[PDB]
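Below is one structure, written out as C-alpha cells; the observations come after it.
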Amino acid sequence: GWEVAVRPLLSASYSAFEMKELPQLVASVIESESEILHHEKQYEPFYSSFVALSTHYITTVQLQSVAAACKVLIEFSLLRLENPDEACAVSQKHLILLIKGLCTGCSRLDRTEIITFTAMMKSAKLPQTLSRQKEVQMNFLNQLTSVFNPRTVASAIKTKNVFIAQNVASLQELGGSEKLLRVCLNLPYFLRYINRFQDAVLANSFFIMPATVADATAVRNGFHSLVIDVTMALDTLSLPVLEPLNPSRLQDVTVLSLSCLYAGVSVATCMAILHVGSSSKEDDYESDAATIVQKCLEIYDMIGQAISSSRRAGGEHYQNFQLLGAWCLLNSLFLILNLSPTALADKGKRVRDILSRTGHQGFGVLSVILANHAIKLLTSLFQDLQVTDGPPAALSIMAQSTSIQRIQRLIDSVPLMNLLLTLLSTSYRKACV
Amino acid sequence: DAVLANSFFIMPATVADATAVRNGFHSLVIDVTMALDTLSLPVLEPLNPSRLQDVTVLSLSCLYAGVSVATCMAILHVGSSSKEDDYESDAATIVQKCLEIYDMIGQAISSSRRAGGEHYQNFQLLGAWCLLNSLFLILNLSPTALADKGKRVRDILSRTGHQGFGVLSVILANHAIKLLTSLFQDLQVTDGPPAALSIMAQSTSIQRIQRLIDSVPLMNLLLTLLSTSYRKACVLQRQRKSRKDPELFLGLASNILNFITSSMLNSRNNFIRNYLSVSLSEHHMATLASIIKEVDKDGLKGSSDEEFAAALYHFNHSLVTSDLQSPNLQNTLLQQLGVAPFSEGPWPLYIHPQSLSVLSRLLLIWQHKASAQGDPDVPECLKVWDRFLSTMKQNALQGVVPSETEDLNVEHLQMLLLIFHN
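Here the protein sequences line up with chains A and B, keeping their order.
If you read the first sequence in the working numbering, its first letter stands for residue 712, the second for the next number, and so on.
If you read the second sequence in the working numbering, its first letter stands for residue 16, the second for the next number, and so on.
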C-alpha cells in the first residue's frame, strides 16, 4: 500500500530522518515509477508533496539505488516544470530550488513550506485521505547489473561529491539543459523585455519607456513578480546546464542575459524617474529595485564568465558580449542623465528623437553601480584596442569585427567624452553636497 | 611535410644514423632553452591569424624535435661511461623543455582574447596526433630483425621483444593520454571527412576523433602500451628484490586503463561504442588474462599495486557488464583464464579472487538474462556443477589431502551455491 510507503516521511516530519527509513523509501520510489509520471488531476498534489518531502529528506544526507531514485525525482520535476498544471502542490519556483538542492548541499527549502507540505500531505486523499529478503535481492540485482564508478571522479565530503556527480550526470542524461533554457526563455514577464531588446537591436536605437510618473507607477506595483522571476532565472543559470554552446544555444544565452540586463536598466530608469518626480511601501520598492538590479548584474557576469571559459565560444564572442553590454549600459546612462527636472517630465504627459531635438536631481546608487559596470566594460574594450572608416561593428554575438570597429560603433551610438565628463561632474557634486 | 602528406616522418634510421643525429645534442639543448626563455616573455598577446599560424608552427615543431630525440634514444637503447650519461641527461632535458614549451603555448592560446575554444581544440588535436604517431612508431621498433635489415607509418601499415620503452616513453604516453581524455570528454557532451590538421579549421569532436582513428588504430596501441608498461614494472620489481623505480610505469598503466574505462566503456555516444565493439580482438583478451594471472599470482605488494588492482578490477567489470564483447570473446577470456565452463579437465577448485570475480559476474549475468527472458537453465551452469561434482568425487575416491592454496576457498563455494539457487 501507499500509506505504509508514506509512513516514514510522516514519522520523520517531527524529527530528523532515521537511517533505517531510507532504503525502503528508495524501494518505494523505484517500484511506483511506472505510475508516478502518469496521474489524474486529483491525486496530483498528493504526489507532488510526497516528491517534495522525499527529495528534501534525501538531500539532507546503496548508492546506485539512491542515484536511481534521484534520477526519477529529477525526471518528475523536469516534466512538472515543462507542463506545470494549475493544481500542482509545489509551484515552479520551488521545483527549481528543489532541482538545484539535489545538485547541491540542501540549503534551499525552509520549514515554513514543509509545514504546509505536510498539512497538504494529511489533507490529500490516497491513490489506492491521510487525515527483508526482497529488498536485499533487488539491491543485489542493481549492484550486479551496473558498476558504480567509484574512483573515476573526509568521508562526508567525498560521499557528497560522488552524490553530486551522480545527480548532475542523471540530470544531463535527461537533457534537462535544453528544457530549462526553453522554460527560462519563454517567461510570461521577461517576454516584453526580450521583445523590446529585439526591436532595439533591429532598429539600432535604444528604447526605455517608464514614460511619465503615472506610467512609472504603472510599471511599478508589479515589481515583486519581477523579483521572483529574476531569482528563479539566476538559480536556473547557476546549474551546470550551459556546456554545449552551439551557435543557436549561444544566441539564446546572449538573448536571455542581455534582456535581463535590459530589465535591470529599465527598473533603474523607473526608479530615477520616480525620484525626479517627487512610508514602508516606498522602502520596499527601493529595496526591491536594488535587489533586481543586483541580480541582473550577477546574471550578466555569470553568463559572460561562462562564455569566456567555454571550449566552443572564444575571444571574439566574449568581445561581442562585452560590446553589447557596454552599448546598453552607456545608452541607459545617457538617457537617465538627460532626464529633465520638470520641463520634459511635465510636457510629456528614445535616444534618436532626443539627439534630433538637441537640474541633475536624478542619479543615485543604481546610477553609480551601472556606471561602474559600464566603465569596467569600457576599460576592457580600450585595453583590447590599444594592442578605413568602415561600418560600425554589428551588434550580434556571431559577428566578426576589430576593436576599432567596436569603439567606433560605441562613439556613433553616443557622444562618449561629453557623457563621461557629465557623470564625473554630477557624481562629484552629489558627493560634495 | 608530415602535415602536407597526412603521414608521420621520423628518421633516426639505423644505429649509425642515430649516432649521427646524436653528438649535436648540446646545440639542440641551447636552442630549446633560448626558445623557452623567449617564449616566456609577454610577446604573444596580439594573436592575428598569421601570428597564430607562426606560433603553432613553432610549438609543434619543437614538440616534433622532442619526439625525434626520444625516438633516437629508444633506437640507441634497442641497438645496445660519462658520455652516455651526458647523452641521456641531455635527452631528458630537451624532451622536458619541449613539453614545457608546448604547454605554455597551449595555455597562451586558450586564455587569449583573440584565439578561442576552436583553436585550442585544433592545437590539442595536432599535439595528440603527433604524440600517438610517435608512440606507435617507437613501440613498433624491432629488436634485431628490422633494425639490422634496415642497414614512416604508411609503409609499416602497408607491410603489416619489447625491449624499447623507457622514461621518455612514459612521459610521452602521459601527455598523449591527457590530450586524449580532454578530446573524448569534449566529444561526450554522417561518416564525413577527417578533421583538417590546421589551427584555423572548423570541425566537430567526432571529426577529430575519427581523424585520430584513421591515422592510427587506437585501441590496439593503448593495450600494447598498457601491457608493455606493466611488464616492465613487474620485471623491475622482481629485479629490485626515475628509471630505477617501477611505480612510474605502474602509474602509467593505471592511468591508461582508467582512461579506457571512463572515456570509452562508459561513453553514451553510439559511434564510439560501435568502434569499440568492432576493434576488440581475442589477442587483447589473452593479454588481459595474462595481466590478471600476474596480478593474482604476485599478490598485494604496495600502494601503487593497490591502485593498479582497483583500476584493473574496474576495467574488467565495466567491460563485462556493458554488453560490447561478443559471447565468443567472453568464452575466449574464460578459456585463457583456465576456468572455461566447457573445459574437459578437472575443475580448478581454487580460483584467485580476480578470476573468481569476473567469472561470477559473467555467469550471474547469463543466469539473470535467461531467467528474465524465460530461457530454461543455462547449460554452462549445469556443466560447471557437473564438473565440480565429478572432480570432487574423484578427489574423495583418491583420499587426497590438498594444500592450503589448492582446493575450495570459501568464496568459490558461496558463488556455486548462489548459482544453484537460481
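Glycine included, each C-beta is placed from N, C-alpha and C at the ideal position.
(message) Taking 8 Å as the threshold (beta carbon to beta carbon), is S881 (chain A) in contact with chain B?
(response) Cβ-Cβ to chain B under 8 Å: no for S881 (chain A).
(request) Could you spell out where the alpha helix (DSSP H) holding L240 (chain B) opens and where it closes? (result) According to the DSSP assignment, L240 (chain B) belongs to the alpha helix (DSSP H) that extends over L233 to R255.
(message) On the criterion of 16 or more Cβ atoms from any shown chain inside 10 Å, does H935 (chain A) qualify as buried, or is it exposed?
(response) Around the beta carbon of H935 (chain A), fewer than 16 other beta carbons lie within 10 angstroms, which makes this residue exposed.
(request) Measuring only between beta-carbons, confirm whether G132 (chain B) sits less than 8 Å from chain A. (result) It does; some Cβ of chain A falls within 8 Å.
(message) Suppose contacts are defined by Cβ-Cβ distances below 8 Å. Is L789 (chain A) in contact with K871 (chain A) by that definition?
(response) Not closer than 8 Å, so no.
(message) To be precise: take each residue of the segment 1005–1034 of chain A, compare its Cβ to all Cβ atoms of chain B, and keep it if any distance is under 8 Å. Which residues remain?
(response) From the segment 1005–1034 of chain A, only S1021, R1022, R1023, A1024, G1025, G1026, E1027, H1028, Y1029 and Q1030 have a Cβ closer than 8 Å to chain B.
(request) Mind checking which residues open and close the alpha helix (DSSP H) that includes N148 (chain B)? (result) The continuous alpha helix (DSSP H) containing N148 (chain B) extends over residues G132 to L154.
(request) Using beta-carbon positions only, say whether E732 (chain A) and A723 (chain A) come within less than 8 Å of one another. (result) Contact: yes.
(request) Please state whether DSSP places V354 (chain B) in a helix, a strand or coil. (result) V354 (chain B) falls in the coil class under three-state DSSP.
(message) Is the beta carbon of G1025 (chain A) closer than 8 Å to that of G142 (chain B)?
(response) Not a contact, by the Cβ cut-off of 8 Å.
(request) Compare the C-alpha of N957 (chain A) against each of A:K804, A:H1028 and A:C1039 and name the closest. (result) Here the closest residue by C-alpha is A:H1028.
(message) Quick check on DSSP: helix, strand or coil for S76 (chain B)?
(response) In the displayed model, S76 (chain B) falls within a helix according to three-state DSSP.
(request) May I have a chain-ordered list of the beta strand (DSSP E) segments no shorter than 3 residues that lie completely inside the segment 756–799 of chain A? (result) Runs of the beta strand (DSSP E) spanning 3 or more residues and lying entirely within the segment 756–799 of chain A do not occur at all.
(request) Step through the CB atoms of chain A and report whether any lies within less than 8 Å of the CB of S42 (chain B). (result) For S42 (chain B), no Cβ of chain A is located within less than 8 Å of the residue's own Cβ.
(message) Looking at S970 (chain A): is its Cβ nearer than 8 Å to the Cβ of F908 (chain A)?
(response) In this structure, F908 (chain A) lies closer than 8 Å to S970 (chain A) by Cβ.
(request) Using beta-carbon positions only, say whether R931 (chain A) and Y996 (chain A) come within less than 8 Å of one another. (result) If you check the CB distance, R931 (chain A) and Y996 (chain A) come in under 8 Å.
(message) Using the Cβ count rule (16 or more neighbours within 10 Å means buried), how would you classify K752 (chain A)?
(response) Counting Cβ neighbours within 10 Å, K752 (chain A) comes out exposed, since fewer than 16 surround it.
(request) Please go through the same chain and pick out, in chain order, the residues whose beta-carbon is closer than 6 Å to the beta-carbon of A1000 (chain A), but skip the five residues on each side of it. (result) Cβ within range, chain order: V978 and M982.
(request) Locate the alpha helix (DSSP H) running through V18 (chain B), then write down its first and last residues. (result) Residues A17 to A20.
(message) Quick check on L891 (chain A) - is its C-beta less than 8 Å from some C-beta in chain B?
(response) At a cut-off of 8 Å between beta-carbon atoms, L891 (chain A) makes no contact with chain B.
(request) Report the residues of the segment 324–345 of chain B with a CB closer than 9 Å to any CB of chain A, ordered along the chain. (result) Near chain A, meaning a CB-to-CB distance below 9 Å, the residues of the segment 324–345 of chain B are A325, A326, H329, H332, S333, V335, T336 and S337.
(message) Relative to the C-alpha of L1132 (chain A), which candidate in A:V879, A:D796 and A:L1048 has its C-alpha closest?
(response) Nearest to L1132 (chain A) by C-alpha distance, out of A:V879, A:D796 and A:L1048, is A:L1048.
(request) Show which residues of chain A have a CB atom less than 8 Å away from the CB atom of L379 (chain B). (result) By Cβ distance, chain A contributes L855.
(request) Between the Cα of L263 (chain B) and those of B:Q254, B:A210 and B:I186, spot the shortest distance and give me the residue it belongs to. (result) Among B:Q254, B:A210 and B:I186, the Cα nearest to that of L263 (chain B) belongs to B:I186.
(request) With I1122 (chain A) as the anchor, note down where its alpha helix (DSSP H) starts and where it stops. (result) Note, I1122 (chain A): alpha helix (DSSP H), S1114 to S1124.
(message) Among A:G933, A:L972, A:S857 and A:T928, whose alpha-carbon lies nearest the alpha-carbon of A944 (chain A)?
(response) Of A:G933, A:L972, A:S857 and A:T928, the residue nearest in Cα terms is A:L972.
(request) Kindly indicate which three-state DSSP category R1023 (chain A) falls into: helix, strand or coil? (result) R1023 (chain A): coil per DSSP, three-state reduction.
(message) Please return the same chain residues whose Cβ sits closer than 8 Å to the Cβ of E421 (chain B), not counting the five positions on each side in sequence.
(response) The beta carbon of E421 (chain B) is closer than 8 Å to those of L364 and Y365 in its chain, skipping five residues each way along the sequence.
(message) Going by C-alpha to C-alpha distance, which of A:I905, A:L1089, A:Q848 and A:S760 sits closest to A798 (chain A)?
(response) Of A:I905, A:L1089, A:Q848 and A:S760, the residue nearest in Cα terms is A:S760.
(request) Could you list the residues in the segment 941–970 of chain A with a C-beta less than 7 Å from some C-beta on chain B, going in chain order? (result) Of all residues in the segment 941–970 of chain A, the ones placed with a Cβ closer than 7 Å to any Cβ belonging to chain B are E954 and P955, in chain order.
(message) List, in chain order, every chain A residue whose beta-carbon is nearer than 8 Å to that of residue 5 (chain B).
(response) No answer is possible for residue 5 (chain B): it lies beyond the span of chain B, which begins at 16 and ends at 437.
(request) Could you tell me whether any Cβ in chain A is nearer than 8 Å to the Cβ of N270 (chain B)? (result) No, because no Cβ of chain A sits closer than 8 Å to the Cβ of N270 (chain B).
(request) Sort B:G165, B:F286, B:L240 and B:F274 by Cα distance to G207 (chain B) and report the nearest one. (result) Of B:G165, B:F286, B:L240 and B:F274, the smallest CA-CA separation from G207 (chain B) is found for B:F286.
(request) Please compile the residues from chain B whose C-beta is within a distance smaller than 7 Å of the C-beta of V1098 (chain A). (result) The contact set of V1098 (chain A) on chain B, defined by CB atoms closer than 7 Å, consists of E60 and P61 in chain order.
(request) Determine the chain E residues that contact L852 (chain A) at a beta-carbon separation under 9 Å, and present them in chain order. (result) Note that chain E does not occur in the displayed structure, where the protein chains are A and B.
(request) Pull out every residue of the segment 288–321 of chain B whose Cβ sits closer than 9 Å to any Cβ of chain A, in chain order. (result) Against chain A - using a Cβ distance shorter than 9 Å - the segment 288–321 of chain B contributes no residues.
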